[PDB]
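# Sharing the initial chains of the complex here, in place:
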Amino acid sequence: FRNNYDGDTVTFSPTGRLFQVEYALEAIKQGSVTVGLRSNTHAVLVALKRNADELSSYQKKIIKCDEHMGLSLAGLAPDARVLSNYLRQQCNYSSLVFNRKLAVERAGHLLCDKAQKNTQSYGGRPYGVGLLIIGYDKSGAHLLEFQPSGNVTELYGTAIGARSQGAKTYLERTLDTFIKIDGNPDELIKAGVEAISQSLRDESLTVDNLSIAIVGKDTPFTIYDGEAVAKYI
């Protein structure tokens, strides 16, 4: 089985699977955890940064695509750079040509389509990274989950990476609670920091270990690192 069908993405298994893609999805789980949750006014991204030594920095995991959109990564950093950069252009295009801010639902469509192209042709490899996209457009706050398989989904909240299932349950239970945290950003951010620690195990989120990003009604997607997140640790 598998052995003979995971040579490349252009091959289907007898059961009907695409192993190369599943292996890609695997690199995601092996990646550090990150969480996403939104209300009706804001959307927040909380991510756990990872480091090699104690002399090394913690790999950033939040990327800003435009003024009303951004995302968090889990997996291969390079691929997130490629994808966020492709999304940065798509936003820039929409602004220049149509003088319009790109709908978060449409950003997801573009990502899905770019990722799919890499799973049907010989020679290329699927992207090995997962993305959580937040953004406040013309129809409110939004949160999306991107899978290298090309599957993008709109949620109220979610998490991806190692032990990500902890936060995902906390949130699936805390739903009715944060979905109403409108008008107040500090509550969504605290709720986010909580859901994320549900997936901890090794250490406790420190200052240069935590990373939070937010966007909303009157908040242009901004990133918080270090001392900036101290008041949430």
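Nice, thanks for sending it over. Residues are numbered from 1 along each chain as shown, chains lettered A, B, ... in the order given.
# count of neighbours near residue A:32?
Counted with other C-beta atoms under 10 Å, residues neighbouring residue A:32 total 22. Bear in mind the C-beta positions are built from the backbone N, C-alpha and C, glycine included.
# cool, and the one 3 residues further on?
Per other C-beta under 10 Å, the neighbour tally for residue A:35 reads 32.
# now residue A:233
11.
# That one: what's it in contact with?
Taking C-beta atoms under 8 Å, 6 or more residues apart in numbering as the contact definition, residue A:233 lies against A:193, A:205-207, A:210.
# Show the buried residues in these.
Listed as buried from those are A:193, A:205, A:210; burial here means 16 or more other C-beta atoms under 10 Å.
# any idea which helix or strand carries the most centrally placed residue in chain A?
If you average the C-alpha coordinates of chain A and look for the closest C-alpha using C-alpha atoms, centre = their mean, you land on residue A:132, 2.0 Å from that point. In this structure, residue A:132 sits in strand A:129-137 according to DSSP states H and E.
# Just the ones of the buried ones among the contacts of residue A:233 in helices?
For the buried ones among the contacts of residue A:233, the ones inside helices are residue A:193, with DSSP state H as the criterion.
# Make CSV from the buried ones among the contacts of residue A:233 and add distance to residue A:183 to it.
Putting the buried ones among the contacts of residue A:233 into CSV (distance: C-beta to C-beta, whole Å) gives the following:
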residue, distance to residue A:183
A:193, 19
A:205, 26
A:210, 24
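# quick revisit: list just the nearest of the contacts of residue A:233 to residue A:127.
When those are compared for distance to residue A:127 (C-beta to C-beta), residue A:210 comes out closest, at 25.9 Å.
# ok now do the closest one, which residues does it touch?
A:46-49, A:193, A:225, A:229, A:232-233.
# now, among the contacts of residue A:233, which is nearest to residue A:60?
Closest approach to residue A:60 among these (C-beta to C-beta): residue A:210, at 11.9 Å.
# put chain B onto that model:
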Amino acid sequence: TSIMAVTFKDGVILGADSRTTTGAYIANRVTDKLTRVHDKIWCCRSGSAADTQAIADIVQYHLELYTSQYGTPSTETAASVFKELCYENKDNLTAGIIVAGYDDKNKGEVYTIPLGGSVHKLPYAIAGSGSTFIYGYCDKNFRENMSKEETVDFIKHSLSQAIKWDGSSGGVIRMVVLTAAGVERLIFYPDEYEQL
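Okay, chain B now, added to the rest:
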């Protein structure tokens, strides 16, 4: 060159003179300016003989392949194909085309594609150097839903005036009747129309 297409009660008729000139010399006095692109879709050609012929041939090609896959094309589709060629290549063409066809659902239709490459659907249309002289006569004598003989007469008189004044037009008046009944070829010699 004098050409026109008129829509009447039963369908539509196309008429033209038969003179093509190169300067003041009449290169061909029995020219057939009424070109068939489909069974019941025809056209009147004015402008560069070389250009309109090449355009017509390409259109006939496109409609034949359209038919092979999607059945009989609408008269509007044929006009669309002509427009596509004429507009996209306006800088290298000198073609004035009148597209006339007969559909069973739409009866008779007439589209005019002037130099620019724009399309205009009308009850009837005239074109060619000789047309200028009959704008008055035509606007005064055209009536919607005339009979076949009424129309063949409206056209015979109009072109006879056009041939009269315009030295670029002349020869015989040709016509092509497009109705559910089929396709009919009419011809009218000098001795007849010169006396109208």
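# So the residue nearest to the centre of chain A is in contact with residue A:34, correct?
Yes. The pair residue A:132 and residue A:34 qualifies as a contact (C-beta atoms under 8 Å) at a distance of 6.0 Å.
# who touches both of the two?
Contact with both residue A:132 and residue A:34 is made by residues A:45, A:72, A:74, A:159-160, according to C-beta atoms under 8 Å, 6 or more residues apart in numbering or on different chains.
# circling back to that earlier point, residues touching the nearest residue to the residue nearest to the centre of chain A once chain neighbours are set aside, list them.
For residue A:132, ignoring the flanking residues on the chain, the nearest one in space by C-beta to C-beta, 6 or more residues apart in numbering or on different chains is residue A:36 at 4.1 Å. Residue A:36 makes contacts with A:43-46, A:72, A:132, A:134, A:143, A:145, A:155, A:157-159, A:192, as judged by C-beta under 8 Å, 6+ apart.
# I'd like these laid out as a markdown table, including distance to residue B:195.
As requested, the contacts of residue A:36 are arranged in a markdown table below (distance: C-beta to C-beta, whole Å):
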| residue | distance to residue B:195 |
| --- | --- |
| A:43 | 86 |
| A:44 | 92 |
| A:45 | 91 |
| A:46 | 96 |
| A:72 | 90 |
| A:132 | 88 |
| A:134 | 86 |
| A:143 | 86 |
| A:145 | 86 |
| A:155 | 86 |
| A:157 | 91 |
| A:158 | 90 |
| A:159 | 95 |
| A:192 | 96 |
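# which of these are buried?
With neighbours counted using 16 or more other C-beta atoms under 10 Å in any protein chain shown, the contacts of residue A:36 contain these buried positions: A:43-46, A:72, A:132, A:134, A:143, A:145, A:155, A:157-159, A:192.
# Which stretches in chain B count as helices?
B:49-70, B:75-88, B:135-141, B:148-165, B:190-193.
# okay, now chain C:
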Amino acid sequence: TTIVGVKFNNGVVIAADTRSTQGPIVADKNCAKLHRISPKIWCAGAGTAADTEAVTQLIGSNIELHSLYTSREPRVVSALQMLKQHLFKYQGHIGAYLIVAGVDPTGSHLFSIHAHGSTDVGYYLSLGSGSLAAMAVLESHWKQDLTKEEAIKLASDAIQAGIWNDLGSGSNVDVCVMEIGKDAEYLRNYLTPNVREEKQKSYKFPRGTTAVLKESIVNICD
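So that you can see how it sits with the rest, here is chain C on the chains above:
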């Protein structure tokens, strides 16, 4: 150049003069303006001689290949479509003006093609600087249902009109008859109404008249 084409009851005939010029000077006193496209499709060409020769042979070549591929006789309408789409492509820069005729499994045909790619159909046609002299004769003596010999006469007469009245045309008359059932018969120099009268003297020089400075044998063999 004067080239004509005349249709008759069972075929078609084409003729042309033989004067090739360069400005006001005769380049060839007897060039052939009748070109073979296939055994039974012949072409008369006016305009730029190199172009009528070239365009005529190119299509002829492709027609031969097409014929071999389809196992069928070449059709005049095929040589016509190929010729015009080629001439049209070159927007008139290939100065070829042709009268193409012939017989094939579908009857006898007569067409004309202008450098820009337009084509005309008719029972009688003419092209070239002699075009008008010839057409004047055709408009005066043509009639429907000519016999093979009546056509050859009319055609021959039209070319003469040109040879005599047009300075661009002269010398001899070449004809080529294509009949629905028989072989195409090419008649090179069917008429030669312009033979040079014997010179008034011989200019043969007494050997040694020309002063030579040096001489030698030329090596040809390797």
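# Revisit the neighbour count of residue A:35 given that chain C is now included?
Counted by other C-beta atoms under 10 Å in any protein chain shown, the residues lying close to residue A:35 total 32.
# my read: it touches residue A:163, true?
No. With contact defined as C-beta under 8 Å, residue A:35 and residue A:163 do not form a contacting pair (11.3 Å).
# which neighbours do those two share?
Counting by C-beta under 8 Å, 6+ apart, the shared contacts of residue A:35 and residue A:163 are residue A:199.
# end-to-end on stretch B:98-109?
Across stretch B:98-109, the terminal residues are separated by 11 Å (C-alpha to C-alpha, to the nearest Å).
# ok, and for it, which residues are buried?
Using 16+ other C-beta under 10 Å as the burial criterion, the residues of stretch B:98-109 that qualify are B:98-103, B:107-109.
# Now name the helix or strand holding residue C:4.
Following DSSP H and E, one finds residue C:4 within strand C:3-8.
# For the residue in chain A positioned nearest to chain C, give me its contacts.
Nearest to chain C, among the residues of chain A, is residue A:122, at 36.5 Å (C-beta to the nearest C-beta). Applying C-beta under 8 Å, 6+ apart to residue A:122 gives the contacts A:8, A:10.
# 6 Å instead?
The neighbourhood of residue A:122, defined by C-beta atoms under 6 Å, 6 or more residues apart in numbering or on different chains, consists of residue A:10.
# go on, residue C:48?
residue C:95.
# so how far is residue C:55 from it?
Here residue C:48 is placed at a distance of 10 Å from residue C:55 (C-beta to C-beta, to the nearest Å).
# Just give me how far the strand holding residue C:4 sits from the chain centre.
The offset between the C-alpha centroid of strand C:3-8 and the centroid of the whole chain comes to 12 Å, using C-alpha atoms, centre = their mean, to the nearest Å.
# okay, now residue B:151: neighbour count?
Neighbours of residue B:151 using other C-beta under 10 Å come to 26.
# where's it relative to residue B:109, distance?
Using C-beta to C-beta, one gets 14 Å for the distance from residue B:151 to residue B:109.
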